[PDB]
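Written out below as structure tokens is the structure these notes cover.
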Amino acid sequence: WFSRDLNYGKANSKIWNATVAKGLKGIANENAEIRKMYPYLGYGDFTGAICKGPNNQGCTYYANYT
Amino acid sequence: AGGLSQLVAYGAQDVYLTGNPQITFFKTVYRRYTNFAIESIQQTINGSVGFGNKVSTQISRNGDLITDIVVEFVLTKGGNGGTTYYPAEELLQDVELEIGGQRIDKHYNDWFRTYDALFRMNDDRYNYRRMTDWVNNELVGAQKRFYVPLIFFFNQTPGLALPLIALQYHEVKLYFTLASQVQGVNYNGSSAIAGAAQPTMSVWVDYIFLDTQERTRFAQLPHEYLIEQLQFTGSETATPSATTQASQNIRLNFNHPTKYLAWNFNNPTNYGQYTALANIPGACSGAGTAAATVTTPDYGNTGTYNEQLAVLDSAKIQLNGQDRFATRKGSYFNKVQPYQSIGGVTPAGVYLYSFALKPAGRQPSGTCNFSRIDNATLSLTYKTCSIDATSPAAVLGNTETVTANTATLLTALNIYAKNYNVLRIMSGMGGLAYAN
Amino acid sequence: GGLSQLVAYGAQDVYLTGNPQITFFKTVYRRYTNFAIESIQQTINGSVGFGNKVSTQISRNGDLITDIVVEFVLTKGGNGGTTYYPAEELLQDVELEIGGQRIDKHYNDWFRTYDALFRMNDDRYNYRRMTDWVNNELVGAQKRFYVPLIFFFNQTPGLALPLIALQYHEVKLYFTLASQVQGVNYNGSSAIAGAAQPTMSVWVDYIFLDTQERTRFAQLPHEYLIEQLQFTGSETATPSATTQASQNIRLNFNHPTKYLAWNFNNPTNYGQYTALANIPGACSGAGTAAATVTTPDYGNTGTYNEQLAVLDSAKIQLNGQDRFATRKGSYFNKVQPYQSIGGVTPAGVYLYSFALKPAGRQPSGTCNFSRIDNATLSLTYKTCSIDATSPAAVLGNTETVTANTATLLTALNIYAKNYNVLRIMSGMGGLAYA
Amino acid sequence: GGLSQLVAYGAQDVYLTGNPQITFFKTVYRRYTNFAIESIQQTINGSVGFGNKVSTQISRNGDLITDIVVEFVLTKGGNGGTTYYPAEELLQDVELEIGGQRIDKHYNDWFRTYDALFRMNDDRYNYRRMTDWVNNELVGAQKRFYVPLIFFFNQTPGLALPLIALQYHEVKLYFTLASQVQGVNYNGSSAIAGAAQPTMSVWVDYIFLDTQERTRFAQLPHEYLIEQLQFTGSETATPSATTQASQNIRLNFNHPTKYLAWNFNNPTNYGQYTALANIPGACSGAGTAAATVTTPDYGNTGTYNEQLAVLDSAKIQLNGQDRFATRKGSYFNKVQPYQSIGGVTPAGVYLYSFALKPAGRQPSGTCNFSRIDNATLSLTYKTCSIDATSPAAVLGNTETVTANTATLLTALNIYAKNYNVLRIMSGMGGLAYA
Amino acid sequence: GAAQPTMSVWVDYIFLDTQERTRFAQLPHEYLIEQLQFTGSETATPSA
Amino acid sequence: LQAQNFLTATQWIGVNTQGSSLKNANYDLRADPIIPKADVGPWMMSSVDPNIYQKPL
Amino acid sequence: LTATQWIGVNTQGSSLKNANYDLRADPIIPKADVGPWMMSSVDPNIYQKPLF
Amino acid sequence: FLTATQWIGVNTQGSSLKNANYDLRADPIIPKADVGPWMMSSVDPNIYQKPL
């Protein structure tokens, strides 16, 4: 029969799941980009900072990873 | 001697409690959590604040998530102590919650009063009253800033914080109606109070700032939230009389898995009046003396636990023609239900029937799905209004099935239902999963 | 703004947010077995009235049972202030029996003691509203009262009694109604002419389960961790004006015990756990010429004024040896419940917990009296030298003394709440331990 | 019946009951390590008396310790209404030292502030019962008071201090007793002739562990996430009748702070956080000819009437920048605790949380002041223009003003509750951060 | 002035010889016994 | 399944007369799953004779 | 982005036109059109556990 | 280090005296099994260490 909710239901779950896959790739990519852009850890002053070079070298607190 | 003598007294009967132990009580390891911070940010109110006016506000995107919302009001007493009753609660006549243009929920001043009557308690309830009324015997002209917390699902738990961060294209708005009159502030019963000030108003939203890893997750992934909604139907009370027990069958146009129903009978003239007036202490203006009038409440003492002044003899809920439970007295719904289901104390005239084991919580614990019930009916039997309200002997020495002659003033009936729906948010937009 | 806090991060924060496990801003709720709850009236077998003993069999009208409320309709035999929790007083005792085995049994005094220790705040007030007249009702007033039962299955759905899993056994509740209830059919020792007999009804809240859950209950064996009340009534060593009485009470208790609880009382006046006095609320007529320290202000029978409590100090011994240092009665009255429950306990009611949280369901330390041969409660009483009719003497006295009227508290009720296991197997059940 | 609800099944039930995960009708209890708890009296060194400092080392009777209660016997030096939480006032402070390191310290005012914010309902009333006289007791009345301590290990079993794992480090408590206690040895500034010196006793509740658990504690390292109280006193920029005072108070705090708390008081009168006035309970003699708005009704020192509070508004700046928008004093007095605690806070006491749920033990967001170079609390005071002796002026006034007597609230107490880590290893321990 | 009762409970015991002592302790037993069931009721009251 | 459509012969060759006990009931309209009617312990047995004509599928 | 495509189809339309008020689950009569005139638009319930 | 049960001493009584034999003659021993699921006793046999 017409089944409005099964037809709309399926359309919704299709978009939703496709969107989830996109979003998951999205968060994975951002995490990978942070690790690549700032592939180091901090030091006692910059305790939880995310760093770009071997030494602190202007590390940040706005791009945390792991 | 000492505690070891107990510890050592161990045997087979202890195995169920301590054998092959799994846990301890003396090593709490706290769960590590994400970084966040919470800021209280003022929203700008659109429209025009004042008695009887409508205003609205759009919640700004200062943070990532929002939870608590507190509406501030400044009111000045239009009379002395005893003339007001939760006036800031009364002033916030209603509030609608809108997400992306869709109405998600709507509360009414009477709901705030009904909700409070059932779910707040002890010092929580008193502190609440301290934020909505004058409780230190303040006098005429006294000025106070009131704080009315909102009770939408996201205003009660961080777990349902609205992800403004995941609503990049949809706005979240609050639409408010301010009462045309507030008792003891700009009106005294039907009389206006000359010189009364218009209220000052401000809406505060508490915002959560998330760290990068969590913000990214929120911004990118879709979400769904299990949320609460309030349904409401207003109707006329089958007014009782000295000559009869009125009865009424109200078909409830309700939907969704409902946690509980709640209702009250009231005199719409006087905010919060759910019971009859009487010449017994606190039951009417001037009660206990010659000047007592059983046509006006002691506003500061509008609520009461004296069930003799309530109008419900008994009630049942019938579903599709079949009784859902046997008919029970009004006192079941007033005292027993909340004993079992909430743990607070409900004032006379306010009733609860839960379908949930624990209706006061967030976690579903049993629901009645009214979207699958063609005919959900609340069946009420009222008490006989034969008691002379001006005579304590009659008011206090009476029986189970009767009430005050002044109980016929409680002509309005407000029936509420709280249910669970799903709010879905994705790719910057959102709305509810179930229409009805 | 909030961001300035968010970035304020250092080593001190690692323990709170490093390697995060949870958030607070996203809640997942659990899906649950579909069920419905209904309050169904039971048939009472026997004549209900004062002094009668009746019972009900819980008809199998659903799958599991939880809450039980006994309804009573009482009338006032006098004015406000003449009754004290009369519906609670009326239900003299309640016995829970499954398949013929006594599981538990409560007494009106237990309900009062339980309440004194474990209910609190508004729940306590509301409870009072369900068992008494608290809005200054007058003589002739009629009201329906609700006395909830407090058996293990009546406190949490988590211990719902699986009637569906008990096809071969009946579940019965026996109720003894008091011969007299103060302010309802008697005033002190005097009958009240024209007093009405109570109306009574028992309501049981049933759970209707979905097919999968109902099948599992019906077919699988079960083990429900439950509580039981042990109780022995006894004589209080009576103190006097000239002496501090002392008493060694053998505690014939068994099973893992969460706590002991006790009170001293005047058996004539329900709920009287303290001495009477001519201070406001402490006796009938207190504050005026007519004050009598032989009759309580019934509506104000309870009090927090320890000066009227009889116990001076106490200790519990296990196998003849001190279990803890002797503490003052006020420790057992105020601190024990502060430490372990979180409410306020009325004077004259005492608690000693063996459990971290005696008020909860989860076992948290018990004293297994089945492994202890000589458990003794050792009590020391206050000197009964204070003239109860004189506020100066009543209110200005010392720690070790009390009212001369404290010698009326000749009854002692000692309770012990313990764990046992209710086993259900193949349609029938009973207690794991004897 | 209930079945009519079960049959009413549809699409909207799937998100609640489809593929169900849990039930409510059967509780799984966890099996726990066997233990027992004993109350043991400590020996206290140094003379006990008003103004004296005494101390005790906790005896190694058990393995872990939790609750600690300080008992004090005080005698009323005047009639009812002359004292205010006198046992709390008496215990001026308590210092916790482990292995020679200061771990924490509480103050009588903190106990009052803490109570004002975090205790509630009957928990609070019973607390009052254990520290004051609340049944209109008269001069000469003697009472034993119990003051529970509020150190991290005194609040939850979860943080029981592992004396067992501290084989080489002692745990000591130092208790400072107040030089004077209102209504006991002094009445305002006047000494009470014949007043008794207090009797003191310190009790510690010991937890005895079974073999397996006891072994783990003695041998393994531990990291206990604990709370600490930071506290300093400040001079108040008191209000004037004609001008509005304001003040920038540097916050000398460090560590991940759950919340700040503060109050404005009259250092003369313990617990006075508000201005006095001729309204019921707001001053000695209020309501009559003798009303004196310079002397409090001590038994009613605390009030909820915000009109007598001094703070107009406040904000916290971090490194010179506003953390949150400026809010009124009533916001910090009523809303903050509404949101974060759920109790009722007395006028004059203010809370600002940096945490989602500061009332619990579980950390839920903190402000780490060790990373904030310049944190400041900015307070704006109400003008003290209202004639305290005239109820019309006291009760009919505006939001921005208070009683002239508010000028006497010269002391400001600012507290911060934070987290730290108490590390225990190889029989020794101390804090991870200083 | 009424006195409180003095009370004592006495039980008469049977002491068995060796063979029966062992048999009773070791063998299972089934004893046919009596029980009293009891319920109180209000009597419909008769009248003149 | 198995239900009321079973006609059993009498236990004796003559005129029969059967009774009906039905002690513990089943008030709910839904037929409860039939229990085993075994004997777990030898102390508290019950003469309940588990009901027939009550099993859905 | 793609939000304009699922927002318009997020809401579900659970309707209960002609439901059985009894407790037993009705048999599933497949609503298959056999008549041109007076056709139904009830959309029968496909969410119906037996339970009895 | 870490004294376990030899600190307060072994319990020479236990729960054997809950149904202790009052007669001078030794009582016969029972195998101490668990015949029924309900009423499982937690009382030790109470055997005389030296017969008269």
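In the structure tokens, the first chain shown is A, the next is B, and so on; residue numbers restart at 1 for each chain, and ligands run from 1 in the order shown.
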If we count only C-alpha atoms, what is near residue 51 (chain F) at a cut-off of 10 Å, once residues fewer than 6 positions away on the same chain are taken out, given as a count of residues only? 14
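Shell of residue 355 (chain C) at 8 Å, with only C-alpha atoms counted and residues fewer than 4 places along the chain excluded, is residues 258, 259, 340, 363, 364, 365 and 366 of chain C.
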Could you produce a table of the residues of chain C lying within 12 Å of chain G, with the nearest pair of atoms per residue and their separation in Å rounded to one decimal, using only C-alpha atoms, ordered by chain and increasing residue number, as CSV?
```
residue,atom,partner,partner_atom,distance
C:34,CA,G:49,CA,11.3
C:35,CA,G:51,CA,11.6
C:208,CA,G:51,CA,10.6
C:209,CA,G:51,CA,9.4
C:210,CA,G:51,CA,7.0
C:211,CA,G:51,CA,5.9
C:212,CA,G:51,CA,9.5
C:213,CA,G:51,CA,11.4
C:214,CA,G:51,CA,9.9
C:215,CA,G:51,CA,10.8
```
Select residues of chain C: the criterion is any atom within 7 Å of an atom of chain E, counting only C-alpha atoms; output as an MDAnalysis selection string. chainID C and resid 46:47 53
Dump as a short mmCIF file (atom, residue, chain, number, x, y, z; two decimals), in the first residue's frame, selection limited to C-alpha atoms:
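As a result, part-v5.cif now contains:
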```
data_model
loop_
_atom_site.label_atom_id
_atom_site.label_comp_id
_atom_site.auth_asym_id
_atom_site.auth_seq_id
_atom_site.Cartn_x
_atom_site.Cartn_y
_atom_site.Cartn_z
CA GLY C 46 -12.09 -11.70 56.95
CA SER C 47 -13.93 -8.96 58.78
CA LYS C 53 -7.19 -10.04 61.80
#
```
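Using only C-alpha atoms, the nearest neighbour of chain F within the list C:424, C:344, C:117, C:6 is C:424.
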Polymer residues at most 10 Å from region 23-38 of chain G, only C-alpha atoms, same-chain spacing of 4 or more positions, as a list in words: residues 1 of chain A; 322 of chain B; 1, 3, 4, 5, 6, 7 and 8 of chain D; 29 and 30 of chain F; 19, 42, 43, 44, 45, 46, 48, 49, 50, 51 and 52 of chain G
Where in region 157-360 of chain B does DSSP assign strand (DSSP E or B), given as a compact mmCIF listing (two decimals) with N, CA and C atoms, in the first residue's frame?
```txt
# COMPACT_ATOMS: atom_id res chain seq x y z
N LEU B 162 21.41 21.38 23.75
CA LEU B 162 21.19 21.52 22.33
C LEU B 162 22.48 21.87 21.64
N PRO B 163 22.86 21.13 20.60
CA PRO B 163 24.06 21.32 19.86
C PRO B 163 23.93 22.44 18.89
N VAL B 172 17.64 28.64 17.19
CA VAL B 172 16.86 28.19 18.32
C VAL B 172 16.26 29.40 18.99
N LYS B 173 14.95 29.42 19.07
CA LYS B 173 14.24 30.54 19.64
C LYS B 173 13.31 30.20 20.77
N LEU B 174 13.11 31.20 21.60
CA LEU B 174 12.16 31.12 22.69
C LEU B 174 11.12 32.19 22.50
N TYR B 175 9.87 31.81 22.50
CA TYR B 175 8.82 32.82 22.33
C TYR B 175 8.08 32.91 23.62
N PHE B 176 7.94 34.11 24.16
CA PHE B 176 7.30 34.23 25.45
C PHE B 176 6.07 35.10 25.44
N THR B 177 5.14 34.75 26.30
CA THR B 177 3.99 35.60 26.49
C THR B 177 4.02 36.04 27.93
N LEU B 178 3.90 37.33 28.14
CA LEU B 178 3.89 37.80 29.49
C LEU B 178 2.45 38.01 29.88
N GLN B 183 -0.90 38.96 39.97
CA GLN B 183 -1.47 39.21 41.26
C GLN B 183 -0.49 39.75 42.26
N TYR B 187 -2.22 43.92 39.63
CA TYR B 187 -3.67 43.72 39.88
C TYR B 187 -3.88 43.02 41.22
N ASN B 188 -5.03 43.28 41.84
CA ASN B 188 -5.44 42.67 43.09
C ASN B 188 -6.82 42.09 42.84
N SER B 191 -9.09 44.12 40.43
CA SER B 191 -8.78 45.54 40.45
C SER B 191 -7.38 45.83 39.96
N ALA B 192 -7.22 46.88 39.17
CA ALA B 192 -5.87 47.26 38.75
C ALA B 192 -5.19 48.00 39.88
N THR B 200 10.94 44.54 34.20
CA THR B 200 12.20 44.52 33.45
C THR B 200 12.41 43.07 33.14
N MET B 201 12.93 42.73 31.97
CA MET B 201 13.15 41.32 31.65
C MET B 201 14.47 41.09 30.93
N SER B 202 15.07 39.92 31.18
CA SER B 202 16.31 39.49 30.54
C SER B 202 16.38 37.96 30.43
N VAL B 203 16.84 37.43 29.30
CA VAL B 203 16.94 35.97 29.20
C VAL B 203 18.37 35.53 29.18
N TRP B 204 18.73 34.68 30.12
CA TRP B 204 20.09 34.20 30.22
C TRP B 204 20.24 32.77 29.80
N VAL B 205 21.23 32.51 28.97
CA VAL B 205 21.46 31.16 28.49
C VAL B 205 22.85 30.72 28.88
N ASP B 206 22.94 29.55 29.49
CA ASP B 206 24.23 29.05 29.89
C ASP B 206 24.81 28.14 28.80
N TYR B 207 25.92 28.61 28.24
CA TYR B 207 26.59 28.01 27.11
C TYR B 207 27.78 27.17 27.46
N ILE B 208 27.94 26.09 26.74
CA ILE B 208 29.07 25.22 26.94
C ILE B 208 30.03 25.28 25.79
N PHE B 209 31.27 25.48 26.15
CA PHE B 209 32.37 25.54 25.23
C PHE B 209 33.08 24.22 25.29
N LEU B 210 33.15 23.54 24.17
CA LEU B 210 33.76 22.22 24.10
C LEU B 210 35.17 22.31 23.55
N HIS B 223 23.16 13.77 15.07
CA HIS B 223 22.79 13.43 16.42
C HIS B 223 21.33 13.17 16.56
N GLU B 224 20.97 12.42 17.57
CA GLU B 224 19.57 12.30 17.88
C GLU B 224 19.49 12.40 19.37
N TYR B 225 18.44 13.02 19.85
CA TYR B 225 18.24 13.15 21.26
C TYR B 225 16.90 12.67 21.69
N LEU B 226 16.88 11.99 22.81
CA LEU B 226 15.61 11.57 23.34
C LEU B 226 15.17 12.69 24.24
N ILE B 227 14.08 13.33 23.89
CA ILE B 227 13.69 14.51 24.64
C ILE B 227 12.30 14.45 25.16
N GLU B 228 12.03 15.32 26.10
CA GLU B 228 10.71 15.45 26.65
C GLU B 228 9.93 16.52 25.92
N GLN B 229 8.62 16.33 25.84
CA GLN B 229 7.69 17.34 25.33
C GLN B 229 6.47 17.42 26.24
N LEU B 230 5.86 18.60 26.35
CA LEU B 230 4.64 18.71 27.11
C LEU B 230 3.42 18.92 26.22
N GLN B 231 2.43 18.08 26.38
CA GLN B 231 1.19 18.20 25.66
C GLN B 231 0.21 18.85 26.61
N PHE B 232 -0.73 19.63 26.08
CA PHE B 232 -1.71 20.25 26.95
C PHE B 232 -3.05 20.51 26.33
N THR B 233 -4.10 20.15 27.06
CA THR B 233 -5.46 20.43 26.64
C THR B 233 -6.25 21.16 27.74
N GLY B 234 -6.80 22.32 27.41
CA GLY B 234 -7.60 23.06 28.39
C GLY B 234 -9.07 22.74 28.16
N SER B 235 -9.86 22.70 29.23
CA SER B 235 -11.29 22.43 29.12
C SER B 235 -12.07 22.98 30.30
N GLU B 236 -13.40 22.98 30.18
CA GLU B 236 -14.25 23.41 31.28
C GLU B 236 -14.48 22.27 32.26
N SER B 241 -21.92 20.65 42.50
CA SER B 241 -22.89 21.48 43.21
C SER B 241 -23.32 20.88 44.50
N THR B 244 -25.32 17.84 43.89
CA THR B 244 -24.87 16.71 43.07
C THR B 244 -23.37 16.50 42.91
N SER B 247 -20.05 14.73 37.06
CA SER B 247 -19.14 13.76 36.49
C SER B 247 -18.78 14.22 35.10
N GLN B 248 -17.64 13.76 34.62
CA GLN B 248 -17.18 14.19 33.32
C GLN B 248 -16.28 13.20 32.62
N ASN B 249 -16.42 13.09 31.31
CA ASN B 249 -15.55 12.23 30.52
C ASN B 249 -14.84 13.05 29.47
N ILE B 250 -13.54 13.21 29.62
CA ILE B 250 -12.78 14.06 28.72
C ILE B 250 -11.89 13.29 27.78
N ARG B 251 -12.18 13.38 26.49
CA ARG B 251 -11.33 12.67 25.56
C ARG B 251 -10.07 13.51 25.40
N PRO B 257 4.51 8.19 23.36
CA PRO B 257 4.79 7.52 24.60
C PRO B 257 4.85 8.53 25.72
N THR B 258 3.86 8.47 26.59
CA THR B 258 3.68 9.35 27.71
C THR B 258 4.20 8.77 28.99
N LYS B 259 5.04 9.56 29.65
CA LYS B 259 5.65 9.21 30.90
C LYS B 259 4.58 9.30 31.97
N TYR B 260 3.86 10.42 31.96
CA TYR B 260 2.78 10.60 32.92
C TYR B 260 1.74 11.64 32.51
N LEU B 261 0.57 11.56 33.15
CA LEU B 261 -0.43 12.61 33.02
C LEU B 261 -0.47 13.40 34.30
N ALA B 262 -0.86 14.64 34.20
CA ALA B 262 -1.01 15.46 35.39
C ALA B 262 -2.11 16.44 35.18
N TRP B 263 -2.80 16.80 36.23
CA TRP B 263 -3.85 17.77 36.01
C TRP B 263 -4.23 18.52 37.24
N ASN B 264 -4.98 19.57 37.02
CA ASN B 264 -5.50 20.28 38.16
C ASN B 264 -6.81 20.94 37.83
N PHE B 265 -7.51 21.30 38.87
CA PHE B 265 -8.72 22.08 38.68
C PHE B 265 -8.36 23.42 39.22
N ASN B 266 -8.86 24.49 38.64
CA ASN B 266 -8.50 25.77 39.20
C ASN B 266 -9.50 26.88 38.99
N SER B 285 -8.61 35.01 52.13
CA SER B 285 -8.16 36.28 52.63
C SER B 285 -8.85 36.58 53.93
N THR B 293 -13.06 36.56 53.91
CA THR B 293 -13.89 36.45 52.72
C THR B 293 -13.58 35.21 51.94
N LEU B 312 -11.90 16.78 43.48
CA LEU B 312 -12.01 15.50 42.81
C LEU B 312 -12.31 14.39 43.79
N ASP B 313 -13.46 13.73 43.60
CA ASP B 313 -13.84 12.64 44.47
C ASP B 313 -13.04 11.45 44.02
N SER B 314 -13.10 11.18 42.72
CA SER B 314 -12.41 10.03 42.17
C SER B 314 -12.14 10.15 40.68
N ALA B 315 -11.25 9.30 40.19
CA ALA B 315 -10.95 9.29 38.77
C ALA B 315 -10.36 7.99 38.26
N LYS B 316 -10.50 7.81 36.96
CA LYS B 316 -9.89 6.71 36.23
C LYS B 316 -9.50 7.15 34.83
N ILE B 317 -8.61 6.41 34.21
CA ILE B 317 -8.27 6.66 32.82
C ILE B 317 -8.77 5.46 32.05
N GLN B 318 -9.56 5.69 31.02
CA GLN B 318 -10.11 4.61 30.22
C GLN B 318 -9.46 4.64 28.84
N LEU B 319 -9.04 3.48 28.33
CA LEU B 319 -8.41 3.48 27.02
C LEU B 319 -9.21 2.63 26.06
N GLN B 322 -11.98 0.60 27.59
CA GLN B 322 -11.70 -0.27 28.72
C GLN B 322 -10.98 0.43 29.83
N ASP B 323 -11.40 0.21 31.05
CA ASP B 323 -10.72 0.87 32.15
C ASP B 323 -9.25 0.48 32.16
N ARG B 328 -10.01 5.30 41.46
CA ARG B 328 -9.40 5.60 42.75
C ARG B 328 -9.80 6.99 43.20
N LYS B 329 -9.74 7.24 44.50
CA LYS B 329 -10.08 8.56 45.01
C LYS B 329 -9.10 9.63 44.62
N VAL B 350 -4.06 19.22 42.90
CA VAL B 350 -3.17 18.80 41.83
C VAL B 350 -3.03 17.29 41.85
N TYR B 351 -3.22 16.68 40.69
CA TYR B 351 -3.21 15.24 40.59
C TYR B 351 -2.21 14.69 39.60
N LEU B 352 -1.70 13.50 39.89
CA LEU B 352 -0.76 12.79 39.03
C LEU B 352 -1.09 11.35 38.79
N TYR B 353 -0.97 10.91 37.56
CA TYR B 353 -1.05 9.49 37.30
C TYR B 353 0.10 9.12 36.40
N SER B 354 1.01 8.32 36.91
CA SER B 354 2.18 7.94 36.16
C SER B 354 2.05 6.62 35.45
```
Hey, what's within 12 Å of residue 12 (chain G) if we count only C-alpha atoms and toss same-chain stuff fewer than 2 positions away? As number ranges by chain, please? A: 3-13; B: 421-424, 431-436; D: 10-12; G: 6-10, 14-15
Determine, for each residue of chain B having at least one atom at most 7 Å from an atom of chain C, the closest pair of atoms and their separation in Å to one decimal, counting only C-alpha atoms; order by chain and ascending number, as JSON lines.
```
{"residue": "B:1", "atom": "CA", "partner": "C:321", "partner_atom": "CA", "distance": 5.0}
{"residue": "B:2", "atom": "CA", "partner": "C:323", "partner_atom": "CA", "distance": 4.5}
{"residue": "B:3", "atom": "CA", "partner": "C:323", "partner_atom": "CA", "distance": 5.8}
{"residue": "B:6", "atom": "CA", "partner": "C:367", "partner_atom": "CA", "distance": 6.0}
{"residue": "B:9", "atom": "CA", "partner": "C:371", "partner_atom": "CA", "distance": 5.2}
{"residue": "B:10", "atom": "CA", "partner": "C:371", "partner_atom": "CA", "distance": 6.5}
{"residue": "B:11", "atom": "CA", "partner": "C:371", "partner_atom": "CA", "distance": 6.9}
{"residue": "B:13", "atom": "CA", "partner": "C:255", "partner_atom": "CA", "distance": 6.8}
{"residue": "B:14", "atom": "CA", "partner": "C:256", "partner_atom": "CA", "distance": 6.7}
{"residue": "B:17", "atom": "CA", "partner": "C:363", "partner_atom": "CA", "distance": 6.6}
{"residue": "B:31", "atom": "CA", "partner": "C:21", "partner_atom": "CA", "distance": 6.4}
{"residue": "B:32", "atom": "CA", "partner": "C:20", "partner_atom": "CA", "distance": 4.6}
{"residue": "B:33", "atom": "CA", "partner": "C:20", "partner_atom": "CA", "distance": 4.4}
{"residue": "B:34", "atom": "CA", "partner": "C:20", "partner_atom": "CA", "distance": 5.3}
{"residue": "B:35", "atom": "CA", "partner": "C:17", "partner_atom": "CA", "distance": 6.1}
{"residue": "B:36", "atom": "CA", "partner": "C:6", "partner_atom": "CA", "distance": 5.7}
{"residue": "B:37", "atom": "CA", "partner": "C:2", "partner_atom": "CA", "distance": 5.2}
{"residue": "B:38", "atom": "CA", "partner": "C:2", "partner_atom": "CA", "distance": 5.6}
{"residue": "B:39", "atom": "CA", "partner": "C:2", "partner_atom": "CA", "distance": 5.0}
{"residue": "B:121", "atom": "CA", "partner": "C:122", "partner_atom": "CA", "distance": 6.6}
{"residue": "B:122", "atom": "CA", "partner": "C:122", "partner_atom": "CA", "distance": 5.7}
{"residue": "B:158", "atom": "CA", "partner": "C:25", "partner_atom": "CA", "distance": 4.9}
{"residue": "B:159", "atom": "CA", "partner": "C:25", "partner_atom": "CA", "distance": 4.4}
{"residue": "B:160", "atom": "CA", "partner": "C:26", "partner_atom": "CA", "distance": 6.2}
{"residue": "B:161", "atom": "CA", "partner": "C:25", "partner_atom": "CA", "distance": 6.1}
{"residue": "B:209", "atom": "CA", "partner": "C:2", "partner_atom": "CA", "distance": 6.3}
{"residue": "B:306", "atom": "CA", "partner": "C:135", "partner_atom": "CA", "distance": 5.7}
{"residue": "B:325", "atom": "CA", "partner": "C:38", "partner_atom": "CA", "distance": 5.8}
{"residue": "B:326", "atom": "CA", "partner": "C:40", "partner_atom": "CA", "distance": 6.6}
{"residue": "B:335", "atom": "CA", "partner": "C:130", "partner_atom": "CA", "distance": 6.6}
{"residue": "B:339", "atom": "CA", "partner": "C:123", "partner_atom": "CA", "distance": 6.7}
{"residue": "B:343", "atom": "CA", "partner": "C:123", "partner_atom": "CA", "distance": 5.0}
{"residue": "B:344", "atom": "CA", "partner": "C:123", "partner_atom": "CA", "distance": 5.0}
{"residue": "B:345", "atom": "CA", "partner": "C:126", "partner_atom": "CA", "distance": 5.0}
{"residue": "B:355", "atom": "CA", "partner": "C:37", "partner_atom": "CA", "distance": 6.6}
{"residue": "B:363", "atom": "CA", "partner": "C:29", "partner_atom": "CA", "distance": 6.0}
{"residue": "B:366", "atom": "CA", "partner": "C:35", "partner_atom": "CA", "distance": 6.2}
{"residue": "B:396", "atom": "CA", "partner": "C:137", "partner_atom": "CA", "distance": 4.7}
{"residue": "B:397", "atom": "CA", "partner": "C:141", "partner_atom": "CA", "distance": 4.3}
{"residue": "B:398", "atom": "CA", "partner": "C:141", "partner_atom": "CA", "distance": 4.9}
{"residue": "B:399", "atom": "CA", "partner": "C:142", "partner_atom": "CA", "distance": 4.6}
{"residue": "B:400", "atom": "CA", "partner": "C:143", "partner_atom": "CA", "distance": 5.6}
```
Residues of chain A that have any atom at most 9 Å from an atom of chain B: could you tabulate them with the shortest-distance atom pair and the distance in Å to one decimal, using only C-alpha atoms, ordered by chain and increasing number, as a tab-separated table?
```
residue	atom	partner	partner_atom	distance
A:16	CA	B:222	CA	7.6
A:19	CA	B:222	CA	7.6
A:20	CA	B:221	CA	6.0
A:21	CA	B:221	CA	8.7
A:22	CA	B:220	CA	8.3
A:23	CA	B:220	CA	4.8
A:24	CA	B:221	CA	6.7
A:26	CA	B:220	CA	6.6
A:27	CA	B:217	CA	6.1
A:30	CA	B:216	CA	7.8
A:31	CA	B:213	CA	7.7
A:62	CA	B:212	CA	6.4
A:63	CA	B:212	CA	5.8
A:64	CA	B:212	CA	6.1
A:65	CA	B:213	CA	6.6
A:66	CA	B:213	CA	8.6
```
